[PDB]
Each structure stands twice: as C-alpha cells, then as structure tokens.
C-alpha cells in the first residue's frame, strides 16, 4: 500500500556554484523543492534537513588524504595545492569552488541519514535529490562528483542488510559505485547507460564483476535516442529477474535525470513518465528504498522529473498544469509538468534491446 516517505533537503544547497558555464547546477535541487512544495507534496512527507557529514563518516570509504584535501582546498589557496589537485583529479569537470566541502557534506549527509532511517525501520522510502554522485572514487574526484554519497549510504545499509541492490538510471555508467563493490556479492550493481564514445568509457556488457563479485555487476549498454517504449520493455524484465535471483533486502535507486529528452549533456529520448516508470517498477517490490538524484543538465526538466518521482513515491496524483512557483518563468512556454519526446532516431533497435537482455539473463542464470 501507501508508504511512509522521508525527504532530505537543506535550503542552502541551491547556493553552491560550480562556476560560469559548468553544466552541474545545484540550483536545480532548490527548483525541485520549490515545485514540489507548490504542488502540496509536503503534506504527506516527513521533511528533514540533513546533518553535515563529517570527514570521519566520509573516510568509511574515501582515503584520509583525499578527504583532508577536500576539507582544505579553496579558490584562494589553490596555488599551493597544484600537486594534490592533479593527483585527485580536481580540474575542469571537478573544480574548486567556494563551499565545496560543505556541498559534499550536505549531499552525503542526506544519503547517509536516509540509510540510517531505513535501517531503523522508521520509513519505507528515503529521498535525497542532492545525492547520487556515482563517479567519485576512493581517492579521486570524477565527473562532477567528489564524495561518493551512494557508496557511503550502501555501507550504512550493509550494517543491517545482507544483500543490497543498487540500480542506476543516469545516462552515464555508475562506475564509482560499481568499482567500490566489484569484488563482493553483498551488493549487486545494475547500470543502464549510454555506451560508446561517451564518459566515463566503462560499463561494457562484458564487465560482470570479479572474484566473489563475479555475476554481481550488471551493465546494459545503450545507444543514442532510447525512448519510453524501448526502455520500459527491458527495465521491468531485468529488474524482475534480478529481484528473483538476488533477493536483496534493501534497494538504492540513482534517478539521474540526464536520460530525459532534451538534456544538455545526454542523448536519450525519455519523457518524465518513462523515467518515473522505473521508480514505479522498483517501488512495486515493497523493499526499503533509498531514492537519489544524480545528473540532469536542462534544469527545468530535472525539477519536473524529480517532483513527479516524489509524487510517485507518495502514490499522489498531481496535475499536469504547473502551480505558480518561485521559478515559474523557467517552465515556459507551456507551463506543464510532463514533456514530449523529440523526433530523434532511436538507434537501439528492438532486436538489439532483446539481444542485450538475453545476454544479461544468461549471466543472471549463473547466480546461486
């Protein structure tokens, strides 16, 4: 039936700025919050302000040297850290900006607090739209990500859950999370992403895990222009088979919105309904669920997407006509919640989709 939903948000998150021209815009988190408040979605959720995660909480995964660097670097002292900046991949994709460490603490705080709430059985679903920064590595920043809030949240869930399933629907491969758990069977990572001449270059369907983790990493490589019909046709059957074979006791779903049509960096053609069908599919299994953000670079569509996915979590129907809000002008010329797909060609033929699904099913037959 209807579930208890806890939502994590800090009103300062929207003020963090990556710099002029950088596609990552924390302001999209504030637009999402304001839109869902104006739809009345606050009347059904417990809203919490996450704590600022400590360097100590972050070192449950990341190295002490890397977290010490993040806590020390600033735009005013950057000249003294040229050596560590190259070593930790701090540069154009992952720049030094004012309040960088505080932004990491808030993003991580929401994910870890959500996992603690799920572990205590105090909620069925926990939502942190500021999290989902799946590329960050143990001692390296990557792809706009500095601290891997997902790995930290999963480590928290592993205190009470023997098996945790991670599902990633961002257009980019969830490499940081896959790498962190590559040799263990306690986490199964499933990533659906664009593969071929695209960042980060990993996530081949032949990458299936190693050692005790062999068959516990699943990658569905896709080409440009995937649509709701095609995505929906493989998502439910793959997730159903994974649920049946793996039997996880908790789930983490990364809801990166750069897989929507019209994304500034993505080249997929999903609508908000097609993207949200993934949330509906996962929710149907009735397991403790941590829903996270991620990519999304056409910020009016990210706000529409995550507002609709929050409504899905709450089993609340919301009208297509957008209510008046602080960012109303960003949603023109239509002022509607739902989006239309473009005329882009879907390079993922129905035969390619079935063939990749069949190869993934063969790998899933290898689980105990």
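Take the two forms, find the largest set of C-alpha atoms that superpose within 1.5 Å, and that set is the rigid core. Positions refer to the first chain, counted from 1.
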{"property": "Stretch with larger C-alpha RMS deviation in 9 other deposited structures of this protein, core superposed, 201-209 versus 90-98", "result": "90-98"}
{"property": "Higher-B stretch (mean Cα B-factor, as the entry records it), 272-280 or 91-99", "result": "91-99"}
{"property": "250-258 versus 231-239 - greater average Cα B-factor per the deposited record", "result": "231-239"}
{"property": "Selection from 128, 84, 298, 108 [criterion: highest C-alpha temperature factor in the record]", "result": "84"}
{"property": "Candidate set 294, 221, 176, 213 [ranked by C-alpha B-factor, highest]", "result": "213"}
{"property": "Lowest, middle or highest third - CA B-factor, residue 162", "result": "highest"}
{"property": "CA B-factor ranking of residue 226, expressed as a third of its chain", "result": "middle"}
{"property": "Record-listed C-alpha B factor of residue 123: chain third", "result": "highest"}
{"property": "CA B-factor placement of residue 144, once the chain's modelled residues are sorted into thirds", "result": "lowest"}
{"property": "Where the record places residue 202 (Cα B-factor, split into thirds across the chain)", "result": "middle"}
